[PDB]
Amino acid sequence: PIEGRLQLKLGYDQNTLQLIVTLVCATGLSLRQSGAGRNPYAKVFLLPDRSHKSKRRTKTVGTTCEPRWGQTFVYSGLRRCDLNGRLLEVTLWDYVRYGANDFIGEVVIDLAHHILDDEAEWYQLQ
């Protein structure tokens, strides 16, 4: 049962050939079963590429259901049309210190159909 939402800004700058991705914050995340809060961080990939090259990761925020990162990532070497057919995959994870980290939810953006104007928007975690 996934719950919560993520606030993202997506911009594209033709003058530098860069897709600009800002993860502002997330809100409304569930607690753990334990009742403990989560320690959320996000991973971002520009798919289909799954190598270290495409990977970005936010800092981890401690014990909270309302993490704020204010973190901007840049993907270079892209014409606007190169984004067609690619997906921005943002996944939230709960940092577990002594075990595998738990999947919280994801937002996947079909860039071909996005305006990319750096407007902050909210996306339901899926």
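Numbering starts at 1 and follows the sequence shown.
Checked against the record, the higher mean CA B factor of 7-15 and 113-121 lies with 113-121.
For the pair 89-97 and 24-32, the record assigns the higher mean C-alpha temperature factor to 24-32. Per the deposited coordinates, the residue with the largest Cα temperature factor out of 65, 78, 74, 44 is 65. In this PDB entry, the Cα temperature factor of residue 51 sits in the top third of its chain's modelled residues, the highest group. Compared with the other modelled residues of the chain, the Cα B-factor recorded for residue 40 ranks in the lowest third.
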